[PDB]
Amino acid sequence: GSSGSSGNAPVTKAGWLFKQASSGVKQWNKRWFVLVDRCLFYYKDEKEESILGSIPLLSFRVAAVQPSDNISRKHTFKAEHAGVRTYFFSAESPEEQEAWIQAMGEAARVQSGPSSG
């Protein structure tokens, strides 16, 4: 195994994802998301003009949503730190949802680490 530290890091994953209305009417709005190193950014569009908001992916819990989360959408997942905040994302396709849960999930999970079974 070998590592490599370089100035700017390449993109991990980028695609259109819907984020529950943080302060709306239980609605879903589309937004450009670009998974990064142990982090997840998003912009108004794929144009990547200016970063609107960022989401920390440290020790987070990313996985398929639950039936108790009042989520009436196929291929949807939730990401919460178990106290901080509970984010939600709906993938237009099933093949994507999974990909994400693992993409943004791994960056949040830590192998060979304590407090983990």
# chains A, B, ... in the order shown; residues from 1 in each chain; ligands from 1

$ closest_atom_pairs --of "range 33-95 of chain A" --to "range 6-20 of chain A" --cutoff "6 Å" --atoms "only C-alpha atoms" --output "tab-separated table"
residue	atom	partner	partner_atom	distance
A:33	CA	A:14	CA	5.5
A:34	CA	A:14	CA	4.1
A:35	CA	A:13	CA	4.8
A:36	CA	A:12	CA	5.6
A:88	CA	A:19	CA	5.7
A:89	CA	A:19	CA	5.1
A:90	CA	A:18	CA	5.2
A:91	CA	A:17	CA	5.7

$ write_last_selection --atoms "N, CA, C and O atoms" --output "short mmCIF file (atom, residue, chain, number, x, y, z; two decimals), in the first residue's frame"
data_model
loop_
_atom_site.label_atom_id
_atom_site.label_comp_id
_atom_site.auth_asym_id
_atom_site.auth_seq_id
_atom_site.Cartn_x
_atom_site.Cartn_y
_atom_site.Cartn_z
N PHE A 33 -24.59 18.60 -5.82
CA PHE A 33 -23.73 18.15 -4.73
C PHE A 33 -22.42 17.58 -5.26
O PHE A 33 -22.40 16.86 -6.26
N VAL A 34 -21.32 17.91 -4.58
CA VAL A 34 -20.01 17.43 -4.98
C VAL A 34 -19.24 16.87 -3.79
O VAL A 34 -18.59 17.61 -3.06
N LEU A 35 -19.32 15.55 -3.61
CA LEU A 35 -18.63 14.89 -2.51
C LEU A 35 -17.13 15.15 -2.57
O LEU A 35 -16.50 14.98 -3.62
N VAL A 36 -16.56 15.56 -1.44
CA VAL A 36 -15.13 15.84 -1.37
C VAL A 36 -14.47 15.03 -0.26
O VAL A 36 -15.11 14.19 0.37
N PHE A 88 -31.08 14.83 4.67
CA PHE A 88 -31.79 13.88 3.83
C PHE A 88 -31.51 14.14 2.35
O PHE A 88 -31.43 15.29 1.92
N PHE A 89 -31.36 13.07 1.58
CA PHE A 89 -31.08 13.18 0.15
C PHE A 89 -31.83 12.11 -0.63
O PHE A 89 -31.87 10.95 -0.24
N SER A 90 -32.43 12.52 -1.75
CA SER A 90 -33.18 11.60 -2.59
C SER A 90 -32.55 11.49 -3.98
O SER A 90 -32.48 12.47 -4.72
N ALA A 91 -32.10 10.29 -4.33
CA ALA A 91 -31.48 10.05 -5.63
C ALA A 91 -32.53 9.76 -6.69
O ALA A 91 -33.43 8.95 -6.48
#

$ atom_distance --atom1 "CA of residue 81 in chain A" --atom2 "CA of residue 61 in chain A"
5.9 Å

$ atom_distance --atom1 "CA of residue 86 in chain A" --atom2 "CA of residue 71 in chain A"
12.9 Å

$ select_by_dssp --residues "range 10-105 of chain A" --states "strand (DSSP E or B)" --output "PyMOL selection string"
chain A and resi 13-20+28-36+39-43+53-56+61-64+76-80+86-90

$ closest_residue --among "A:79, A:99, A:58, A:64" --to "residue 37 in chain A" --atoms "only C-alpha atoms"
A:58

$ atom_distance --atom1 "CA of residue 2 in chain A" --atom2 "CA of residue 41 in chain A"
27.3 Å

$ closest_residue --among "A:54, A:68, A:27, A:3" --to "residue 40 in chain A" --atoms "only C-alpha atoms"
A:54

$ select_by_dssp --residues "chain A" --states "helix (DSSP H, G or I)" --output "PyMOL selection string"
chain A and resi 94-106

$ write_last_selection --atoms "N, CA and C atoms" --output "mmCIF file, in the first residue's frame"
data_model
loop_
_atom_site.group_PDB
_atom_site.id
_atom_site.type_symbol
_atom_site.label_atom_id
_atom_site.label_comp_id
_atom_site.auth_asym_id
_atom_site.auth_seq_id
_atom_site.Cartn_x
_atom_site.Cartn_y
_atom_site.Cartn_z
ATOM 1 N N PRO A 94 -31.986 4.558 -8.507
ATOM 2 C CA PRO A 94 -31.612 3.596 -7.465
ATOM 3 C C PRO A 94 -30.119 3.287 -7.472
ATOM 4 N N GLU A 95 -29.542 3.198 -8.666
ATOM 5 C CA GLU A 95 -28.121 2.906 -8.807
ATOM 6 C C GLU A 95 -27.274 4.000 -8.162
ATOM 7 N N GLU A 96 -27.828 5.207 -8.093
ATOM 8 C CA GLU A 96 -27.124 6.338 -7.502
ATOM 9 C C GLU A 96 -27.206 6.294 -5.980
ATOM 10 N N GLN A 97 -28.429 6.265 -5.459
ATOM 11 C CA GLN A 97 -28.644 6.224 -4.018
ATOM 12 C C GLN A 97 -27.567 5.391 -3.329
ATOM 13 N N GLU A 98 -27.504 4.110 -3.678
ATOM 14 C CA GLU A 98 -26.519 3.208 -3.093
ATOM 15 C C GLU A 98 -25.112 3.785 -3.214
ATOM 16 N N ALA A 99 -24.705 4.082 -4.443
ATOM 17 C CA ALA A 99 -23.383 4.640 -4.697
ATOM 18 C C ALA A 99 -23.039 5.720 -3.676
ATOM 19 N N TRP A 100 -23.975 6.635 -3.451
ATOM 20 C CA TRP A 100 -23.769 7.720 -2.499
ATOM 21 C C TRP A 100 -23.599 7.179 -1.085
ATOM 22 N N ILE A 101 -24.626 6.498 -0.589
ATOM 23 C CA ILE A 101 -24.587 5.927 0.752
ATOM 24 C C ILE A 101 -23.208 5.359 1.068
ATOM 25 N N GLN A 102 -22.560 4.794 0.055
ATOM 26 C CA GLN A 102 -21.233 4.214 0.224
ATOM 27 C C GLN A 102 -20.150 5.274 0.054
ATOM 28 N N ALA A 103 -20.316 6.127 -0.953
ATOM 29 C CA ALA A 103 -19.354 7.187 -1.222
ATOM 30 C C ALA A 103 -19.231 8.133 -0.032
ATOM 31 N N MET A 104 -20.323 8.820 0.286
ATOM 32 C CA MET A 104 -20.336 9.757 1.404
ATOM 33 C C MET A 104 -20.321 9.014 2.736
ATOM 34 N N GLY A 105 -20.680 7.734 2.700
ATOM 35 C CA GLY A 105 -20.701 6.935 3.910
ATOM 36 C C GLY A 105 -19.311 6.539 4.368
ATOM 37 N N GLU A 106 -18.501 6.047 3.437
ATOM 38 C CA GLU A 106 -17.141 5.627 3.753
ATOM 39 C C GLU A 106 -16.350 6.773 4.378
#

$ residues_around --residues "range 113-116 of chain A" --least-positions-apart "3" --cutoff "12 Å" --atoms "only C-alpha atoms" --output "JSON list (two decimals) with N, CA and C atoms, in the first residue's frame"
[["chain", "number", "residue", "atom", "x", "y", "z"],
["A", 59, "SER", "N", -17.63, 11.15, 11.24],
["A", 59, "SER", "CA", -18.32, 10.26, 12.17],
["A", 59, "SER", "C", -19.82, 10.29, 11.94],
["A", 109, "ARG", "N", -17.26, 6.90, 7.81],
["A", 109, "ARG", "CA", -16.88, 5.74, 8.60],
["A", 109, "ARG", "C", -15.36, 5.63, 8.70],
["A", 110, "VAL", "N", -14.88, 4.97, 9.75],
["A", 110, "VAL", "CA", -13.45, 4.80, 9.96],
["A", 110, "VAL", "C", -13.12, 3.35, 10.32]]

$ closest_residue --among "A:92, A:87, A:52, A:108" --to "residue 21 in chain A" --atoms "only C-alpha atoms"
A:87

$ closest_residue --among "A:60, A:29, A:107, A:66" --to "residue 82 in chain A" --atoms "only C-alpha atoms"
A:60

$ decode --residues "range 60-90 of chain A" --atoms "N, CA, C and O atoms" --output "mmCIF file, in the first residue's frame"
data_model
loop_
_atom_site.group_PDB
_atom_site.id
_atom_site.type_symbol
_atom_site.label_atom_id
_atom_site.label_comp_id
_atom_site.auth_asym_id
_atom_site.auth_seq_id
_atom_site.Cartn_x
_atom_site.Cartn_y
_atom_site.Cartn_z
ATOM 1 N N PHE A 60 -20.225 10.639 10.722
ATOM 2 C CA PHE A 60 -21.638 10.712 10.373
ATOM 3 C C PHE A 60 -22.200 9.322 10.084
ATOM 4 O O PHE A 60 -21.450 8.370 9.874
ATOM 5 N N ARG A 61 -23.525 9.216 10.076
ATOM 6 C CA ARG A 61 -24.187 7.944 9.815
ATOM 7 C C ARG A 61 -25.041 8.026 8.553
ATOM 8 O O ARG A 61 -26.204 8.428 8.603
ATOM 9 N N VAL A 62 -24.457 7.641 7.423
ATOM 10 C CA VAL A 62 -25.164 7.669 6.148
ATOM 11 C C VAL A 62 -25.710 6.291 5.791
ATOM 12 O O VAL A 62 -24.977 5.303 5.796
ATOM 13 N N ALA A 63 -27.001 6.233 5.483
ATOM 14 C CA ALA A 63 -27.645 4.977 5.120
ATOM 15 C C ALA A 63 -29.082 5.206 4.666
ATOM 16 O O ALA A 63 -29.654 6.272 4.896
ATOM 17 N N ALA A 64 -29.661 4.201 4.018
ATOM 18 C CA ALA A 64 -31.032 4.295 3.530
ATOM 19 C C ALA A 64 -31.963 4.832 4.612
ATOM 20 O O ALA A 64 -31.863 4.450 5.777
ATOM 21 N N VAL A 65 -32.867 5.724 4.218
ATOM 22 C CA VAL A 65 -33.816 6.314 5.154
ATOM 23 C C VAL A 65 -34.661 5.241 5.832
ATOM 24 O O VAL A 65 -34.595 4.066 5.470
ATOM 25 N N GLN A 66 -35.453 5.652 6.817
ATOM 26 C CA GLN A 66 -36.309 4.724 7.546
ATOM 27 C C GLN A 66 -37.781 5.054 7.324
ATOM 28 O O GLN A 66 -38.143 6.170 6.948
ATOM 29 N N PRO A 67 -38.652 4.063 7.561
ATOM 30 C CA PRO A 67 -40.100 4.224 7.393
ATOM 31 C C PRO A 67 -40.708 5.141 8.448
ATOM 32 O O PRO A 67 -41.865 5.544 8.343
ATOM 33 N N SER A 68 -39.918 5.469 9.466
ATOM 34 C CA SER A 68 -40.379 6.337 10.543
ATOM 35 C C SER A 68 -39.916 7.773 10.319
ATOM 36 O O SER A 68 -40.142 8.648 11.156
ATOM 37 N N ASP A 69 -39.267 8.009 9.185
ATOM 38 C CA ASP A 69 -38.772 9.339 8.849
ATOM 39 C C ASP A 69 -39.725 10.047 7.891
ATOM 40 O O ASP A 69 -39.371 11.055 7.280
ATOM 41 N N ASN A 70 -40.935 9.513 7.767
ATOM 42 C CA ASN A 70 -41.940 10.093 6.882
ATOM 43 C C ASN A 70 -41.343 10.406 5.513
ATOM 44 O O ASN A 70 -41.590 11.470 4.945
ATOM 45 N N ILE A 71 -40.557 9.472 4.989
ATOM 46 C CA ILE A 71 -39.928 9.647 3.686
ATOM 47 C C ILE A 71 -40.667 8.862 2.608
ATOM 48 O O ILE A 71 -40.524 7.644 2.503
ATOM 49 N N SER A 72 -41.457 9.569 1.807
ATOM 50 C CA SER A 72 -42.221 8.939 0.736
ATOM 51 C C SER A 72 -41.520 9.113 -0.608
ATOM 52 O O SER A 72 -42.082 9.678 -1.545
ATOM 53 N N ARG A 73 -40.289 8.622 -0.692
ATOM 54 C CA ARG A 73 -39.508 8.723 -1.920
ATOM 55 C C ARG A 73 -38.561 7.536 -2.062
ATOM 56 O O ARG A 73 -37.841 7.186 -1.126
ATOM 57 N N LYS A 74 -38.566 6.919 -3.239
ATOM 58 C CA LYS A 74 -37.707 5.771 -3.506
ATOM 59 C C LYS A 74 -36.263 6.211 -3.724
ATOM 60 O O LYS A 74 -36.006 7.301 -4.234
ATOM 61 N N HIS A 75 -35.323 5.355 -3.335
ATOM 62 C CA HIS A 75 -33.904 5.655 -3.491
ATOM 63 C C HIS A 75 -33.520 6.894 -2.689
ATOM 64 O O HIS A 75 -32.959 7.848 -3.230
ATOM 65 N N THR A 76 -33.826 6.876 -1.396
ATOM 66 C CA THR A 76 -33.515 7.999 -0.521
ATOM 67 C C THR A 76 -32.677 7.552 0.671
ATOM 68 O O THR A 76 -32.818 6.428 1.155
ATOM 69 N N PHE A 77 -31.803 8.436 1.140
ATOM 70 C CA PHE A 77 -30.941 8.131 2.275
ATOM 71 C C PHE A 77 -30.853 9.322 3.227
ATOM 72 O O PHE A 77 -31.127 10.460 2.843
ATOM 73 N N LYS A 78 -30.471 9.050 4.470
ATOM 74 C CA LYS A 78 -30.346 10.097 5.477
ATOM 75 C C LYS A 78 -28.956 10.084 6.106
ATOM 76 O O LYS A 78 -28.347 9.027 6.268
ATOM 77 N N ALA A 79 -28.460 11.265 6.459
ATOM 78 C CA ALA A 79 -27.144 11.389 7.073
ATOM 79 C C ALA A 79 -27.196 12.277 8.311
ATOM 80 O O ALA A 79 -27.402 13.486 8.210
ATOM 81 N N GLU A 80 -27.011 11.669 9.478
ATOM 82 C CA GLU A 80 -27.038 12.406 10.736
ATOM 83 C C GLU A 80 -25.904 11.960 11.653
ATOM 84 O O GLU A 80 -25.453 10.816 11.592
ATOM 85 N N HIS A 81 -25.444 12.873 12.504
ATOM 86 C CA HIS A 81 -24.362 12.575 13.434
ATOM 87 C C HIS A 81 -24.911 12.037 14.752
ATOM 88 O O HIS A 81 -24.170 11.864 15.720
ATOM 89 N N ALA A 82 -26.213 11.775 14.783
ATOM 90 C CA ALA A 82 -26.860 11.256 15.981
ATOM 91 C C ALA A 82 -26.946 12.325 17.066
ATOM 92 O O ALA A 82 -26.727 12.046 18.243
ATOM 93 N N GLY A 83 -27.263 13.551 16.660
ATOM 94 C CA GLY A 83 -27.369 14.643 17.609
ATOM 95 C C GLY A 83 -27.198 15.999 16.955
ATOM 96 O O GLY A 83 -27.982 16.916 17.195
ATOM 97 N N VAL A 84 -26.167 16.127 16.126
ATOM 98 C CA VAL A 84 -25.892 17.382 15.435
ATOM 99 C C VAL A 84 -27.064 17.788 14.548
ATOM 100 O O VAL A 84 -27.821 18.700 14.881
ATOM 101 N N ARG A 85 -27.206 17.104 13.418
ATOM 102 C CA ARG A 85 -28.285 17.394 12.480
ATOM 103 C C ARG A 85 -28.617 16.166 11.637
ATOM 104 O O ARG A 85 -27.784 15.277 11.460
ATOM 105 N N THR A 86 -29.840 16.124 11.118
ATOM 106 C CA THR A 86 -30.283 15.006 10.295
ATOM 107 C C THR A 86 -30.554 15.452 8.862
ATOM 108 O O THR A 86 -31.596 16.041 8.573
ATOM 109 N N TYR A 87 -29.613 15.166 7.971
ATOM 110 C CA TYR A 87 -29.751 15.539 6.567
ATOM 111 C C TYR A 87 -30.458 14.440 5.778
ATOM 112 O O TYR A 87 -30.437 13.272 6.164
ATOM 113 N N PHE A 88 -31.081 14.826 4.670
ATOM 114 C CA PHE A 88 -31.795 13.876 3.825
ATOM 115 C C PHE A 88 -31.511 14.140 2.349
ATOM 116 O O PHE A 88 -31.435 15.290 1.917
ATOM 117 N N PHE A 89 -31.356 13.067 1.580
ATOM 118 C CA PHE A 89 -31.080 13.182 0.154
ATOM 119 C C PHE A 89 -31.832 12.113 -0.634
ATOM 120 O O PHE A 89 -31.873 10.949 -0.237
ATOM 121 N N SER A 90 -32.427 12.518 -1.751
ATOM 122 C CA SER A 90 -33.181 11.597 -2.594
ATOM 123 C C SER A 90 -32.554 11.491 -3.980
ATOM 124 O O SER A 90 -32.482 12.473 -4.718
#
